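Okay, structure first, notes after.
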Amino acid sequence: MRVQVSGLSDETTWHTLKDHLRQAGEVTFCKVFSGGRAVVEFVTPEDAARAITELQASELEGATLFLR
């Protein structure tokens with residue numbers, strides 16, 4: 001259930017990323033890296049599956065986000 005996030009704004013923090021992802025499901029782990037990357041773990045596989053299907057190319061703080 002670890003999902004990789006890419007394309008994030010330099011400004012984006014785990015607070016704004018977790019809030020965005022919560023549309024798909026709750027988050028138990030969230031680490032924001034440099035270069036617009038993050039690693040996230042959802043509570044359930046269902047949450048991860050919805051995130052990876054429903055939030056591709058979604059917009060967050062001006063940036064286009066991708067999940068892997």
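Identifiers in the structure tokens: chain A, B, ... in order shown; residue index from 1 per chain; ligand index from 1 in order shown.
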For this session: Mind checking which residues fall within 8 Å of stretch 33-37 of chain A, counting only C-alpha atoms, ignoring those fewer than 3 positions away in the same chain, and posting them as a PyMOL selection string?
Result: chain A and resi 4-10
Problem set entry | Test item: residues at most 8 Å from stretch 43-51 of chain A, only C-alpha atoms, excluding those fewer than 2 positions along its chain, as a PyMOL selection string | chain A and resi 1+3+21+24-28+41+53-56+67
For this session: Excluding residue A:17 and residues on its chain fewer than 5 positions from it, collect all residues at most 9 Å away from it, counting only C-alpha atoms, and give them as number ranges by chain.
Result: A: 8, 12, 22, 30, 32, 38, 60
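Proximity of A:18, A:57, A:63, A:13 to residue A:40, computed with only C-alpha atoms, is greatest for A:18.
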For this session: Rounded to one decimal place, report the atom CA of residue A:31-atom CA of residue A:62 distance in Å.
Result: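 Taking atom CA of residue A:31 as the start and atom CA of residue A:62 as the end point, the length is 19.9 Å.
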For this session: From a DSSP pass on the backbone, collect the residues of chain A flagged as alpha helix (DSSP H) and hand them back as number ranges by chain.
Result: A: 14-21, 45-54
Tell me, which residues of chain A carry DSSP strand (DSSP E or B), written as a CSV table (one decimal) with N, CA and C atoms, in the first residue's frame?
chain,number,residue,atom,x,y,z
A,2,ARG,N,2.2,1.1,-0.2
A,2,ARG,CA,3.0,2.3,-0.4
A,2,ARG,C,2.8,2.8,-1.8
A,3,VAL,N,2.4,4.1,-2.0
A,3,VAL,CA,2.2,4.7,-3.3
A,3,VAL,C,3.1,5.9,-3.4
A,4,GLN,N,3.8,6.0,-4.6
A,4,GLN,CA,4.7,7.0,-4.9
A,4,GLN,C,4.0,8.2,-5.5
A,5,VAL,N,4.2,9.4,-5.0
A,5,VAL,CA,3.6,10.6,-5.6
A,5,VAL,C,4.7,11.4,-6.3
A,6,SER,N,4.4,12.0,-7.4
A,6,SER,CA,5.4,12.8,-8.1
A,6,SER,C,4.8,14.0,-8.8
A,27,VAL,N,-4.8,8.4,5.3
A,27,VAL,CA,-3.3,8.2,5.1
A,27,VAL,C,-2.6,7.9,6.5
A,28,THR,N,-1.9,6.8,6.5
A,28,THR,CA,-1.2,6.5,7.8
A,28,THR,C,0.3,6.8,7.7
A,29,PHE,N,0.8,7.1,6.5
A,29,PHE,CA,2.2,7.5,6.4
A,29,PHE,C,2.3,8.5,5.3
A,30,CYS,N,3.1,9.5,5.5
A,30,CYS,CA,3.3,10.6,4.4
A,30,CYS,C,4.6,11.3,4.6
A,31,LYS,N,5.5,11.0,3.7
A,31,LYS,CA,6.9,11.6,3.7
A,31,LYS,C,7.1,12.4,2.4
A,32,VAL,N,7.3,13.7,2.5
A,32,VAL,CA,7.6,14.5,1.3
A,32,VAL,C,9.1,14.7,1.1
A,38,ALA,N,6.9,12.3,-3.1
A,38,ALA,CA,6.4,11.8,-1.8
A,38,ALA,C,6.2,10.4,-1.8
A,39,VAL,N,6.2,9.8,-0.6
A,39,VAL,CA,5.8,8.4,-0.4
A,39,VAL,C,4.6,8.3,0.6
A,40,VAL,N,3.6,7.6,0.3
A,40,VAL,CA,2.4,7.6,1.1
A,40,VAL,C,1.9,6.2,1.3
A,41,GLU,N,1.4,5.9,2.5
A,41,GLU,CA,0.7,4.6,2.8
A,41,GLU,C,-0.8,4.8,3.1
A,42,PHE,N,-1.7,4.2,2.5
A,42,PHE,CA,-3.1,4.3,2.8
A,42,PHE,C,-3.5,3.3,3.9
A,58,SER,N,-4.3,14.8,-11.1
A,58,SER,CA,-5.1,15.7,-10.3
A,58,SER,C,-4.2,16.9,-9.9
A,59,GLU,N,-4.9,18.0,-9.7
A,59,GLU,CA,-4.2,19.3,-9.5
A,59,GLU,C,-4.1,19.6,-8.0
A,60,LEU,N,-2.9,20.0,-7.6
A,60,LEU,CA,-2.6,20.4,-6.2
A,60,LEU,C,-1.7,21.5,-6.1
A,63,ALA,N,0.1,22.4,-9.3
A,63,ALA,CA,0.9,21.4,-9.9
A,63,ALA,C,0.0,20.2,-10.4
A,64,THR,N,0.5,19.5,-11.4
A,64,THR,CA,-0.2,18.3,-11.8
A,64,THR,C,0.5,17.1,-11.2
A,65,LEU,N,-0.2,16.3,-10.4
A,65,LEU,CA,0.2,15.2,-9.6
A,65,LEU,C,0.1,13.8,-10.2
A,66,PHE,N,1.0,12.9,-10.0
A,66,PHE,CA,0.9,11.6,-10.5
A,66,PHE,C,1.3,10.6,-9.4
A,67,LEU,N,0.6,9.4,-9.5
A,67,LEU,CA,0.7,8.4,-8.5
A,67,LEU,C,1.3,7.1,-9.1
